[PDB]
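Chemist: One structure, pasted below without further comment.
2 protein chains.
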Amino acid sequence: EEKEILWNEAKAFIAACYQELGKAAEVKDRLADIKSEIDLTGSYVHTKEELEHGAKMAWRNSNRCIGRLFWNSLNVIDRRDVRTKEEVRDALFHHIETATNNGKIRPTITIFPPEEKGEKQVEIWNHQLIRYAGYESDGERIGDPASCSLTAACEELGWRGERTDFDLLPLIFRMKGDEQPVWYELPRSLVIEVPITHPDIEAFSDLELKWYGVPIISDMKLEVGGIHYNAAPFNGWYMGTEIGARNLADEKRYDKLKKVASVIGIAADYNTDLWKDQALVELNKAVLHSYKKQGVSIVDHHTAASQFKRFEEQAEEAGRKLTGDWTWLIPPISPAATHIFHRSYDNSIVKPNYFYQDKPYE
Amino acid sequence: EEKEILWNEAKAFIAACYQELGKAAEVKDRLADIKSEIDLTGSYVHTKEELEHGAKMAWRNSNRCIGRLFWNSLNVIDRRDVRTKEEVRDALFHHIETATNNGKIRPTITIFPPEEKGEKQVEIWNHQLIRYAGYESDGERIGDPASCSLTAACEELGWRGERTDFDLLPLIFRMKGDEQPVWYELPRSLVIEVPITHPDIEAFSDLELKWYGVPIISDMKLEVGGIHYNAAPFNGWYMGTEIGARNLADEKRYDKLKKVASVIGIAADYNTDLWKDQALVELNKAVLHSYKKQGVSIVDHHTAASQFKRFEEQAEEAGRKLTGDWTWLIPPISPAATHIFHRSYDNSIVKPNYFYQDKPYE
Ligand code: HEM
Ligand code: HEM
Ligand SMILES: C[C@H](O)[C@H](O)[C@H]1CNc2nc(N)[nH]c(=O)c2N1
Ligand SMILES: C[C@H](O)[C@H](O)[C@H]1CNc2nc(N)[nH]c(=O)c2N1
Ligand SMILES: N=C(NCCC[C@@H](N)C(=O)O)N[N+](=O)[O-]
Ligand SMILES: N=C(NCCC[C@@H](N)C(=O)O)N[N+](=O)[O-]
């Protein structure tokens, strides 16, 4: 059954991929080669070109991503050669550096060796490569609540956070054959952070907010033609609402709207004053302003929706079905000011794609 | 088949209704009575208590409605006795008056005679009883674009609008046996309107915006125990976003955000300034302020979400399944500041309910 699942996904993927790459005449032979390899080895190995295009297809198929216009410019780093924890560590450092690119962020993915018998070669514990720790003890809340479980796991392993609201979590990952993960502090010189200021309201700096430059999701599985790349961190650049409307605003995250209201000089007493809405708009303005001022790439939700409209058009022109998850594509502020809110999307799963996987902590 | 559909819906409805009304021992006999009535007449007639509770259940089952906490306080007006166009007209005038209640809006439904062989007794053309006309000629756009088709239909029938941006459409409805609908101007003394001002920005009145007090959807079918009440106008009070974030803001409606930006003293040149978002917040503040100042009932989206949370709790406590359409329940501004955005809802259709029906114009 497992070989058949693999073989069927392989046929589907190779046909589509080679069709897109102008290589339809190479399909029959490549399929034959793959068939023998599966019989004899239990699996098969992608060519560099298959791996690159597969990672690109997987982004293009990601229903929850508004950023997909740029799917074909993904920089794919092939690290199927790594065997040691030092090499994994250095690959992850290099990903941060090359993706950051001094603020002119480059969409990048680093692909590590795939699972074999469902057996992981490298298992990355981080949710993102750069993320802030979170703590909750005797009612006292510090940092990012969404990080509490991973932070506790790290502190079981000998790491200790300074208990600032913005402690960088170490890289933490496990190698096949090791019972425990290892962890490494991130060099601060690798990590760009942006202090949050407002274009008009001087006092906004009194909040002492900041965020990191680059979101690098590091715990999703890339599936390509039946091969499971459980370790394949990727990044683009942020849409400003991710930071301003969710990370800094959610009651279960940094929960800053009351403090924002106070610094922008409005009362936070009556729902009818729409003070949360007003605070959200000013916080989201501050985020965009701050990243721009610092020369770190970011997109606003209006521009991002416009680009996504072009992605829809490009799909139709290419004769490809569009898939999307309306509930994630709408921005969390002024969604009805975008075209996305006014149409529907087919939420079917097409592969290659990126998938959730169970967290080894928790 | 049709009698069987009716009989099956009838059994389901009468059991549930009588169960909710403490009348479970009356079910068997009432079902027997209904069975004979269907055999002999082709249909059956609700008791006053069935009709009232059915209209209430239908609101409670309305997946797209955030306002459902108050389902049990609906004022049900039974107008199954009407036979003439004068009586329909007067019932609709009376609905407006009693629902408005000098601004202290009363949730009301007026139920007209049901369809017989799928044959409508009264067919109401209005989308809402109070609504503004819309015109589009040689590129020139006036009033509410969403009303263009109904406005044109009315002008085919001898009505003429003044071509203000806020012309009240006449009541327009057709009686069984008539080829054409009749229309009646609304008496202005029946219709409360609210001018839009802002609590702090004097110039906001320069926009000369207004809206009507009471939304009275008049083109949905109420289905209760297999009986089709195609003509059953209902109302609550507005949630402010309906007016501020959609009716006055949508590009395909009144399209006021650029004018709002200009009066509140902000540039509308760069997406990154989030000027649309800022304009939306100030317009929505103005709407709530204006209705409150005038003593006309309205709810903000934060309060409405809080009430809806209580509705969820009340359903679970009563042992009733909750249904909802997440995509309509989230408010169109700051949706992630509400609990609704952070959970999911079962979008199954439960009857009694309110349904769309085909428009006789168009
Ligand atoms: C180039 C700029 C990019 C932008 C502006 C962008 C924007 C977004 C946004 C706003 C989300 C929603 C995230 C949330 O609410 O937590 C998202 C989700 C996602 N994006 Fe992108 N994205 C970009 C690049 C990428 C890249 C390079 C990949 C993969 C190669 C990717 C794959 C995804 C996936 C898989 C999700 C779903 C994450 C989840 O379910 O938690 N995107 N994108
Ligand atoms: C008491 C105050 C009420 C509030 C604040 C409220 C709020 C809302 C809102 C905001 C919507 C979405 C409308 C849109 O986006 O166009 C809605 C839809 C709806 N409401 Fe309510 N509502 C209330 C009362 C009622 C009543 C009395 C009924 C029926 C008896 C009702 C039945 C519905 C239905 C059927 C829809 C769906 C309309 C459509 O699909 O176009 N609600 N409600
Ligand atoms: C097709 C698309 O889902 C559509 O724009 C919906 C979305 N959610 C909505 N929600 C509400 N309350 N009202 C609406 O008109 C809409 N429009
Ligand atoms: C369960 C519920 O649908 C959930 O809050 C979703 C809604 N839409 C979202 N959309 C985005 N982009 N990101 C999110 O975290 C969420 N959360
Ligand atoms: N933009 C991207 N978003 C995924 C980020 C999680 C995020 N919402 C947060 O950290 O706020 N990905 N990306 O660019 O690959
Ligand atoms: N609140 C209610 N909403 C239905 C209104 C249509 C509306 N969005 C508009 O006219 O803006 N109904 N209600 O209260 O019965």
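Chains as they are written, first to last, in the authors' numbering: chain A, 2 to 363; chain A', 2 to 363. A prime marks a further copy of an entry chain. Here a beta-carbon is modelled for each residue, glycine too, at the ideal position from N, C-alpha and C.
Whole angstroms are fine: how far does the CA of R161 of chain A sit from the CA of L284 of chain A?
Modeler: For the purposes of this step, residue 284 of chain A is taken as the residue at position 283 of the first sequence. For the purposes of this step, residue 161 of chain A is taken as the residue at position 160 of the first sequence. Cα to Cα, the separation comes out at about 31 Å.
Chemist: Please find out if some non-hydrogen atom of ligand 2 comes closer than 7 Å to the beta-carbon of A17 of chain A.
Modeler: Working through the first sequence from its first residue, we reach residue 17 of chain A at position 16. No - ligand 2 has no heavy atom lying nearer than 7 Å to the Cβ of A17 of chain A.
Chemist: Short of 8 Å in beta carbon distance, which residues of its chain neighbour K211 of chain A', apart from the five on each side in sequence? Order them along the chain.
Modeler: Mapped onto the second sequence, residue 211 of chain A' falls at position 210. These residues qualify, in order along the chain: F167, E194, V195, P196, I197.
Chemist: So, does the CB of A269 of chain A fall closer than 8 Å to a CB anywhere in chain A'?
Modeler: One-based indexing of the first sequence puts residue 269 of chain A at position 268. No, no contact with chain A'.
Chemist: To the nearest angstrom, how far is it from the Cα of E186 of chain A to the Cα of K177 of chain A?
Modeler: For the purposes of this step, residue 186 of chain A is taken as the residue at position 185 of the first sequence. For the purposes of this step, residue 177 of chain A is taken as the residue at position 176 of the first sequence. Cα to Cα, the separation comes out at about 21 Å.
Chemist: Along the chain, which unbroken stretches of the alpha helix (DSSP H) at least 4 residues long are found entirely within the stretch 304-330 of chain A'?
Modeler: 327-330
Chemist: Please list the partners that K310 of chain A' has in chain A, where partner means a Cβ-to-Cβ separation under 9 Å.
Modeler: Within the second sequence, numbered from 1, the residue matching residue 310 of chain A' stands at position 309. Residues of chain A passing the Cβ test: none, with the nearest at roughly 13 Å.
Chemist: With H, G and I counted as helix, E and B as strand and the rest as coil, what does DSSP make of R61 of chain A'?
Modeler: Within the second sequence, residue 61 of chain A' is the residue found at index 60, counting from 1. Here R61 of chain A' sits in helix by DSSP.
Chemist: Taking C-alpha atoms, which residue in A':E3, A':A17, A':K260, A':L170 lies nearest to residue 369 of chain A'?
Modeler: Only positions 2 to 363 of chain A' appear in this structure, which leaves residue 369 of chain A' out of reach.
Chemist: Using DSSP with H/G/I as helix, E/B as strand and the rest coil, what is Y362 of chain A'?
Modeler: Indexing the second sequence from 1 puts residue 362 of chain A' at position 361. Three-state DSSP puts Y362 of chain A' in coil, outside helix and strand.
Chemist: Tell me whether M240 of chain A', by its Cβ, gets closer than 7 Å to a heavy atom of ligand 8.
Modeler: The model on display carries ligand 1, ligand 2, ligand 3, ligand 4, ligand 5 and ligand 6 but not ligand 8.
Chemist: Using a Cβ cut-off of 8 Å (strictly closer), state whether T304 of chain A' contacts chain A.
Modeler: Working through the second sequence from its first residue, we reach residue 304 of chain A' at position 303. Judged by the 8 Å Cβ criterion, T304 of chain A' is in contact with chain A.
Chemist: Just checking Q129 of chain A against ligand 5 - is the residue's beta carbon closer than 7 Å to any of the ligand's heavy atoms?
Modeler: Position 128 of the first sequence, counted from the start, is the residue given in the question as residue 129 of chain A. Yes - ligand 5 has a heavy atom lying nearer than 7 Å to the Cβ of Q129 of chain A.
Chemist: Less than 7 Å between the CB of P216 of chain A and some heavy atom of ligand 5, yes or no?
Modeler: Here residue 216 of chain A refers to the residue found at position 215 of the first sequence. True, at least one ligand heavy atom lies under 7 Å from that Cβ.
Chemist: Which residue marks the beginning of the beta strand (DSSP E) containing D79 of chain A', and which one marks its end?
Modeler: Looking up residue 79 of chain A' in the second sequence gives position 78. First-last of the beta strand (DSSP E) with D79 of chain A': 76-79.
Chemist: Tell me which residues of the stretch 315-331 of chain A have at least one Cβ-Cβ distance to chain A' shorter than 7 Å, keeping chain order.
Modeler: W327, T328
Chemist: Does the beta carbon of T42 of chain A sit closer than 8 Å to a beta carbon anywhere in chain A'?
Modeler: For the purposes of this step, residue 42 of chain A is identified with residue 41 of the first sequence, where counting begins at 1. It does not; no Cβ of chain A' falls within 8 Å.
Chemist: Terminal residues of the continuous alpha helix (DSSP H) containing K4 of chain A'?
Modeler: Residue 4 of chain A' sits at position 3 when you count from the first residue of the second sequence. It spans 3-21 - the alpha helix (DSSP H) in which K4 of chain A' sits, taken as one unbroken run.
Chemist: Are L70 of chain A and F309 of chain A touching if we call contact CB-CB under 8 Å?
Modeler: Here residue 70 of chain A is taken as the residue at index 69 of the first sequence, counted from 1. Here residue 309 of chain A is taken as the residue at index 308 of the first sequence, counted from 1. Yes; because the gap between Cβ atoms is below 8 Å, this pair is in contact.
Chemist: In this structure, how does DSSP classify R142 of chain A' when only helix, strand and coil are distinguished?
Modeler: Position 141 of the second sequence, counting from 1, holds the residue named residue 142 of chain A'. Strand at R142 of chain A'.
Chemist: Could one say the Cβ of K259 of chain A' lies closer than 8 Å to chain A's Cβ atoms, at least one of them?
Modeler: To locate residue 259 of chain A', count along the second sequence from 1; it is residue 258. It does not: the Cβ of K259 of chain A' has no partner Cβ on chain A nearer than 8 Å.
Chemist: Can you confirm whether the stretch 96-103 of chain A touches the stretch 39-49 of chain A when touching is taken to mean that 3 or more C-beta pairs between the two stretches lie within less than 8 Å?
Modeler: no
Chemist: Quick check on the DSSP output: the beta strand (DSSP E) that includes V123 of chain A' runs from which residue to which?
Modeler: Translated into the one-based positions of the second sequence, residue 123 of chain A' becomes position 122. Unbroken beta strand (DSSP E) run through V123 of chain A': 123-125.
Chemist: Between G237 of chain A and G55 of chain A, how many whole angstroms is the CB-CB distance? I'm expecting something under 8 Å.
Modeler: Looking up residue 237 of chain A in the first sequence gives position 236. Looking up residue 55 of chain A in the first sequence gives position 54. In fact, because the Cβ distance is near 18 Å, the residues do not count as touching under 8 Å.
Chemist: For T99 of chain A', go through chain A and note every residue whose CB falls closer than 8 Å to its CB, in chain order.
Modeler: Position 98 of the second sequence holds residue 99 of chain A'. The premise fails here: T99 of chain A' is roughly 26 Å from chain A at the closest Cβ pair, so nothing lies under 8 Å.
Chemist: So, with DSSP's three-state summary, where would you put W276 of chain A?
Modeler: The residue you call residue 276 of chain A lines up with position 275 of the first sequence. Helix at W276 of chain A.
Chemist: Distance check for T324 of chain A' and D347 of chain A', CA to CA, integer angstroms please.
Modeler: The residue given as residue 347 of chain A' occupies position 346 in the second sequence. The residue given as residue 324 of chain A' occupies position 323 in the second sequence. The alpha-carbon atoms of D347 of chain A' and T324 of chain A' are separated by roughly 5 Å.
Chemist: My output table needs one value for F167 of chain A: the three-state DSSP class, helix, strand or coil.
Modeler: Counting from one through the first sequence, the residue named residue 167 of chain A turns up at place 166. It is coil, neither helix nor strand.
Chemist: Looking at the unbroken alpha helix (DSSP H) that takes in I228 of chain A, where does it start and where does it end?
Modeler: On the first sequence, position 227 is the one that residue 228 of chain A refers to. Note, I228 of chain A: premise wrong, no alpha helix (DSSP H); beta strand (DSSP E) at 228-230.
Chemist: Could you name the residues of the stretch 41-72 of chain A whose beta carbon sits closer than 7 Å to any beta carbon of chain A', in the order they occur along the chain?
Modeler: Under the 7 Å Cβ criterion, the stretch 41-72 of chain A contributes no residue.
Chemist: Are three or more beta carbon pairs between the stretch 217-236 of chain A and the stretch 9-29 of chain A nearer than 8 Å?
Modeler: By the Cβ rule, the stretch 217-236 of chain A counts as touching the stretch 9-29 of chain A, because three or more pairs are nearer than 8 Å.
Chemist: Let me check you understand the geometry: is the CB of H343 of chain A' closer than 7 Å to at least one non-hydrogen atom of ligand 4?
Modeler: Counting from one through the second sequence, the residue named residue 343 of chain A' turns up at place 342. True, at least one ligand heavy atom lies under 7 Å from that Cβ.
Chemist: Going by the C-beta, is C66 of chain A closer than 7 Å to any heavy atom of ligand 2?
Modeler: Start at 1 with the first residue of the first sequence, and residue 66 of chain A comes out as number 65. False, no ligand heavy atom lies under 7 Å from that Cβ.
Chemist: Please identify the residue among A:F94, A:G135, A:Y355, A:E21 whose C-alpha is closest to the C-alpha of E156 of chain A.
Modeler: Along the first sequence, read from residue 1 onward, the residue named residue 156 of chain A stands at position 155. Nearest to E156 of chain A by alpha-carbon distance, out of A:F94, A:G135, A:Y355, A:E21, is A:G135.
Chemist: Compute the distance between the beta-carbons of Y362 of chain A and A154 of chain A, then report whether it is under 8 Å.
Modeler: As a working mapping, residue 362 of chain A is identified with position 361 in the first sequence. As a working mapping, residue 154 of chain A is identified with position 153 in the first sequence. Yes, Cβ-Cβ distance for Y362 of chain A and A154 of chain A is below 8 Å.
Chemist: Output yes if chain A places a C-beta closer than 8 Å to the C-beta of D82 of chain A'; else output no.
Modeler: Locating residue 82 of chain A' in the second sequence gives position 81, where the first residue counts as 1. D82 of chain A' does not count as touching chain A.
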